[PDB]
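# Remarks on the overall topology
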Amino acid sequence: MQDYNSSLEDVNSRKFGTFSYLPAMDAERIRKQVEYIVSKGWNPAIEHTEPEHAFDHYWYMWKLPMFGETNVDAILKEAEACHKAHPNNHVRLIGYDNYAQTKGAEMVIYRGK
Amino acid sequence: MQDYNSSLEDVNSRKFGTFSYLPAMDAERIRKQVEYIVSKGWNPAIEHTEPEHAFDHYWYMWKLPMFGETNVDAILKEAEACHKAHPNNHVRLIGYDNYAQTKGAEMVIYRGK
Amino acid sequence: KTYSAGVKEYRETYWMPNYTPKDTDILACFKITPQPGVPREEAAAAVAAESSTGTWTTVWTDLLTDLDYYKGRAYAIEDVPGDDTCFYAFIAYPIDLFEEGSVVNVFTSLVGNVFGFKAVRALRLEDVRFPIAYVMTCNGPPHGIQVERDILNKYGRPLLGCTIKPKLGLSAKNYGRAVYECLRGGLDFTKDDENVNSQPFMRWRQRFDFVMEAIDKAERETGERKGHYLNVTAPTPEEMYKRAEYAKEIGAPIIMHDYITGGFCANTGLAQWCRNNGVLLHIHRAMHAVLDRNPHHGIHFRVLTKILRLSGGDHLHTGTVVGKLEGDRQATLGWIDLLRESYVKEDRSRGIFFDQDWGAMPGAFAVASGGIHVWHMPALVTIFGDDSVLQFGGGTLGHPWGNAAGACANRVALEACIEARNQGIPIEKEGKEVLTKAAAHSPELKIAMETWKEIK
Amino acid sequence: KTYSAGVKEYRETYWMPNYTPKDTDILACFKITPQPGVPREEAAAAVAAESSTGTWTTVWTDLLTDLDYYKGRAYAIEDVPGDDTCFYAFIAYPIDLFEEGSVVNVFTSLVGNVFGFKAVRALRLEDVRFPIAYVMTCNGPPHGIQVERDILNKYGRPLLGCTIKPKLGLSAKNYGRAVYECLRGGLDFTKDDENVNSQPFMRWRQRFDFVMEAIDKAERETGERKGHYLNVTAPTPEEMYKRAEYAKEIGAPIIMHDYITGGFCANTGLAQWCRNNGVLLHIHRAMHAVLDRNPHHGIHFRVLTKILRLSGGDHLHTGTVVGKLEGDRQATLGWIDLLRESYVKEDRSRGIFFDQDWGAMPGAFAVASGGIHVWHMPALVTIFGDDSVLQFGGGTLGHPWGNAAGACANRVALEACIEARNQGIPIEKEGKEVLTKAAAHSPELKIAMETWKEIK
Amino acid sequence: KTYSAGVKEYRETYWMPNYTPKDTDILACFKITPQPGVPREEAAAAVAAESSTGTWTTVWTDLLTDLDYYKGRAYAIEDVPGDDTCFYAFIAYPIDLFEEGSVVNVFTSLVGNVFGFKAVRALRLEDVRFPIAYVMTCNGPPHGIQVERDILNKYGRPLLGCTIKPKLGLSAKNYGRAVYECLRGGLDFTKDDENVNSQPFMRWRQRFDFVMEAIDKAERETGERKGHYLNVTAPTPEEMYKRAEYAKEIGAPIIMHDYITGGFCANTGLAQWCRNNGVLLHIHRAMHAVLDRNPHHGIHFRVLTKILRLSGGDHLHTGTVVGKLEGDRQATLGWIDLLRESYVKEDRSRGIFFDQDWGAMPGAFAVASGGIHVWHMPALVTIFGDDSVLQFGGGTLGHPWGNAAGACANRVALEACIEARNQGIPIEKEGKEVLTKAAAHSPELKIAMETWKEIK
Amino acid sequence: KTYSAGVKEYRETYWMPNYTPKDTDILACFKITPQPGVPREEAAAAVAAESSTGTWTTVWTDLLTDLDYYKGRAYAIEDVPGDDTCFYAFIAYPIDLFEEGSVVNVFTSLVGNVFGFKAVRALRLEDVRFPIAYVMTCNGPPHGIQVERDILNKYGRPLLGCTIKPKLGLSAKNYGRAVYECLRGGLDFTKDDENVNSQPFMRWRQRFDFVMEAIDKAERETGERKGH
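Method of determination, as given in the entry header: cryo-EM; reported resolution: 1.55 Å.

### Here's the deal with the relation of the copies chain C and chain D
With an RMSD of 0.1 Å, chain C superimposes on chain D once it is rotated by 180° and translated 0.0 Å along the axis. Such values leave the two copies arranged in the relation of a two-fold axis. Judged by C-alpha distance, C:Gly263 is the residue of chain C that lies nearest the rotation axis, at 1.8 Å. When the interface residues of chain C are mapped onto chain D, 99% of them are again interface residues, pointing to one common binding face.

### So, the interface of chain E and chain A
Every contact between the two is made by 37 residues of chain E and, on the other side, 32 residues of chain A. Both faces considered, chain E and chain A share a buried interface measuring about 3,100 Å² in area, 52% of it formed by carbon and sulfur atoms. Counting the contacts that link chain E with chain A gives one salt bridge. Residue E:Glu419 is joined to A:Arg29 by a salt bridge in which the shortest nitrogen-to-oxygen separation is 2.6 Å.

### What about unusual backbone geometry?
Of note, the amide linkage connecting C:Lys165 to C:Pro166 takes the cis form, showing an omega dihedral of 0°. Among the secondary structure elements, C:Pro166 is positioned in the loop between β5 (159-161) and α7 (172-185). Its identity is not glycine, yet A:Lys113 carries a phi of approximately 50°, on the positive side. Note that A:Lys113 resides in the segment after β4 (102-110). Residue E:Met287 is not a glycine yet carries a positive backbone phi of 80°. Tracing the sequence through the fold places E:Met287 in the loop between β9 (280-284) and α11 (288-292).

### A closer look at the interface of chain C and chain D
Facing 99 residues of chain C, the contacting portion of chain D comprises 98 residues. A buried area of about 7,500 Å², summed over both sides, lies between chain C and chain D, and 60% of it is on carbon and sulfur atoms. Broken down residue by residue, the surface that chain C buries against chain D is led by C:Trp56, C:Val290 and C:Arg293, which jointly contribute 9%. At the boundary of chain C with chain D, the tally comes to four salt bridges. With a shortest N-O distance of 2.6 Å, D:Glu99 and C:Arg243 are connected by a salt bridge. A per-class count over the side of chain C that touches chain D returns 40 nonpolar, 45 polar and 14 charged.

The rules we used
- Residues numbered from 1 in each chain as written, not as in the entry; some residues may be left out.
- Chains lettered and ligands numbered in written order.
- Part of a larger assembly, values for the part shown.
- Heavy atoms only, no water.
- Least-squares fit on C-alpha atoms.
- Contact = heavy atoms within 4.5 Å.
- Buried area = accessible area lost by both parts, 1.4 Å probe.
- Salt bridge = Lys/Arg side-chain N within 4 Å of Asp/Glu carboxyl O.
- Helix = DSSP H or I, 4+ residues; strand = E, 2+ residues; numbered from the N terminus.
- Nonpolar A, V, L, I, M, F, W, Y, C, P; charged D, E, K, R; others polar.

Dropping the structure here:
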């Protein structure tokens, strides 16, 4: 029986949506998520934000959503480019579902701070 | 005739409920309070919080309340474990009165900051 | 039954010695000092008739309804232990006689006119049994003890308060300065005096504003929740509600009302308002001694305690036991139980003539006040227990070092007494040594103990 | 001038035998039965201090204000004629101590806590001098005697009323039938009993509706304006105002309130509402005997009369003089004068310790009720005069021929007494012959006189 | 035609086998168990007549209007696959028969009286076709799935909730502590039990306050948006709206209503209020099993699902599929589609007798709850998909390490199942291995898996 | 008194055959058709648990409160006369469990979820004892029989009513004409059908207006009070 170990002062207590309660995604896990987004026909997109502003509804869009993009490697290189340009920012991978007009998927693939 | 010596900037001016106007409790006084809680039939519990958040209604629960626990030494060791895990936090000892659904007792047994 | 005009005795109809009270009946105990020559049963039946459905002469309209049901009836007479000039009469009233959720109606019915009846020399309402069915129609305390402790985040000890003195004459800013010093010293509450409503020297809005300024500063300084009973007692209900609304607007956690002088109607309305708006309600019992002091005429304070609990209040002034006789001490303990407990058993030694069931209606804090100081801390802690508010008006402002030091002295004395009680020390037996050991670490407490003499 | 902590006697500060009361001071007379060993001046000063600005121990905040001005002071002590265990203390309070237009505040200040003070065995507030400056801040009666007579178009005689009996148990329609019979018989008013608010057997809206039906029928039948005091006494001010608003909506000319049990706050609010809405306000004095009966403890009814006149009421129950002692007769005449007159001079024989100036504040009708019947008509007419309401609850419904005949008998008796008084007959000396000559033409009056015994 | 008084059979007028339903007709399917001796067509026509415009005997007012148009008509009869004691009757009602935007009216018309008709032994409303023209008159969900996900900023997974247990008995502060622990553990939502409205042990305002305190603390601690379905189900609509308004005032993102026990009128009003005030509406289906459990009598839950979607709700409890029959599995999938999809095609295997067009009316979250724990995570994720709320009341509070650990275990299980599903793993086939691999990194999940038995 | 996680049976806590109902308890009689193999006491205790304070697995928050008081308890089981597939379970609920003056709350608590519980094949709520203490918290009928007779001035007989037919399809004026003819013939009341609320062929304000026109004409014609 152990204490849960979450607190207001512990910065590791902050979570960032889907898959933030799992171990940080490696390259193989990120690629499988990109493949899932493409398989659904969703439009991949990359957003990023400073960790202090992660609660905001709107993160910074990295360029434009890669509409109609099915090349997994191209999506991965865009996410990596955003990570290099903003190494201290959380980087989110998004699959836009234009038919439901929702984000079919959203997950932080590069954790900041 | 002396000045009262309390101010907004002096961090020692902050108080933390019952027995905070008395000298900091030593081991024997803490044991006597635990014995009182047990004798009342109340359920011992340990909470803790960062000193800046001591005003909050909800502190962090240290594990679960030791329901039906009458071993004073076990309660003391749980409080000591909470203190060791969070040495900078205030640690509060609580006796839950389940019949009145109130805290029959609540006192900071380990002062932080 | 037929209509026969003329005057008839009350005994044959309103005296039923074989009546068994129903579980829904309101029961009343009247200590009756009858007029000489009037038999006991006639006096009891007269009280029952005049309090429920009786009239001095037979009226035909009685036959349009079921008087056998609706009437109040005296069902028992007992001797008063000791005094033989009076006797106890027990009267039962059907629950149908009263408007639901109206302490105003029950009070008016019981005490409206029987106290001036010529058949009795004197009359004292000793106790009233409110059936649980009637209790559940009343709002009761807006929050009660447990909810209030949760709101204030204060546990394991009585709360500490202080009425600001002088009762009148301070400007709003000076008043707020006194409030701030008291609260920063360690008191949980400060209090408007009962006659502080809105005076030319301190208009109520200014007092509310500066009190809230003081509360905010003290809370930031000490890190403990603070309050001040802002008196909303007002000439009219509109004014009372306006002051309550402003107190809510500025974030006041607690307000105060004089429920006897303001009246039960205004008090019940205010208690419901407090429930609807999440504001604690402190009840001051001004004028109680006009009603309850005389042992042979008036209304015993335990009845007023029950009435207040039904009408609504989170705190109620219950008086201090210090300096009272054993009978008075027992009566005080009884009405404290009536104020705070879920069920109070009949106890003739305490003057509790009826079992009082409160069901799930929460209890209110018992408030001790009046000429008390640090030397009273042990006794108070022993008598009232945790679920009480101890108010030190003069005992805080009369400290030689000012309000903050006096508040700290009172807080240290209370916490020392509480810790010693938790450790198993007999606090009332040896309060001097507990206080002295505490004062060894508190100069404020030491000089406070020197300021006022020991009481024994 | 300097702060010295500790307990000091009240006599040196709050006893000023050379003080001359100001024209704006509120003056109070307290009959004090002091605790043995306590000197008279100490007791009077203690009463003054505890009622105005005093505290049991010296507080430094006193020096932030002008205590010499704001304090209440005892300025005179007199012996009570007869009894030597008590004495009269006269205390002056500056007008600044009180909220303007607040009988609640003045009452709370005067009677809030001094009645429980340990220095006195017993305490009775005998009289209060309200300065004209304070009187003009109070609303007073919503209409007063003259405005009410103009509204009702009734002149040259006392008004006649009747409380519907039994006090409780009638359905709304049966209640209205009784009201209709009374009003058609010749009464000006009918009245809800003090405890008729809204009961399960007769909810208030139904009672209001059927009462208005009865009033309309009786007014059409007799061609005279009729009324029924609809009781708006309610658990909360919101409910009280709702019932008052409905009474106004259905055209009720007059409503009723129990100003002591309902409370002064609700009553003052209702009086202002009645002024704003053109509805007459009848005030019932339920619970008065709890306060005013005991000659050594409590509040004399003349104080309550002044309070009611300031708070507001068009009628006030003043009690019946018949069967009272000579001192009680004089006291009753005194408080009737206080209720109705523009200026009442000091009269120790009547217990009027102060000149009371009412300025232009109108007086209220004095209401006589309680066990009275036709044989009381002469005395009542002699005692109360024209500006009164005589209420015959049992005396009307207890008539052998029903409410209409009893109302006619009461009306004939009143009109015969009034005509004989106008003709110069000594009505109280020869009331039997006036009533007999009247009964020669009124069978209802004849059988009413046979129903109840002659009264001397 | 002409007026001929007397009783006539329903079959000749209300049975039209050649009728082609219009695109605006409301269509109903009734499983009829007829009384012996009654032919199928007579029973179907009786249901149609009693549900739309019929009467037991001919009335002349019939001829004042065009009941050839207004009447409901049975147009088809089919055999129930399997059971031969009952048959399906398809009835068409013109859209003019119903008040626009009133599920109350449509429900009352369809189920008001036909279920007690003597011509049938039993009756079950299986399905109702709401034409798009009628659908567009209804408010529908205040926000719907996509708007809710945007408000909460939660995508790509089912939401996680938890009802606080015990259902009753917790004080407001203890309740809030439980809420805080659950939310800080990783749950999106906590939930009031359906019977938590305002109890003596926890009044609603206190619960709302402490829940909001818990929500704020958890949101600050985790950085994720949190909510708690505050139950606004109340005795009266005024009380319901008061509680909803207070929830909005304190910033509550979501409230809850029991739409069957509270009623469709209150629920529709609350859904419109939620749209007007931007508050999410969680709908609890208490009492549903009284209506929908019996396979031969009552109202199938797919009808109640359509009714709720029209009346308005952002979430709806749809039940858990685990432990259901194959037909029950398919029926559950069908009504989940009815709750969430824009268009649902007829599918007899799912019990969907009609194509249901929802147009642009958004769908609501499907809520899974009831005796579920971590071992159910795979199946749930497979059955409900992303647009669902999975509620673990006991599965969170019943964790051996408390609410935070149980919430973390449920969150880890959900996220592991979602990631594995996104990776292409067959989650329902191999849920044990996915959960075990997840538990390798989550001690909370490991001990949760040990706490409750594996499900297969 | 100690927290032990896991699933436990309902019978040991929620079945109290020696419990004597209090005068303030809400009592319920459930006709339980139990699932085969489930003992009667377990079925009765399951109904008591799920309707008051129970949960499918032990939760630690139970120990923060007095479960021995707040719980609903089955205190008696009887055989249904005749049918043996079902039995009567009598369950007592403390009055504290319910919001005062809320039939919504009491109804939700009793019938909210137990009717779908797996342990029972079928369940019928036969009777509920509302203690007088709870009854007095409810508003009850706005007027009741005696007040209504006084309002309507009708005594010594049942009142006569009539629902206007056809249930739907009449215009407001034609509806009012039918109302007038009924009322003038001697009926005390006419009645809207349950599904007459506000339809395109007869909007409610129009129906209300012409009904009142009909009522006034019938009252003047007959001299008796009429209603619709």
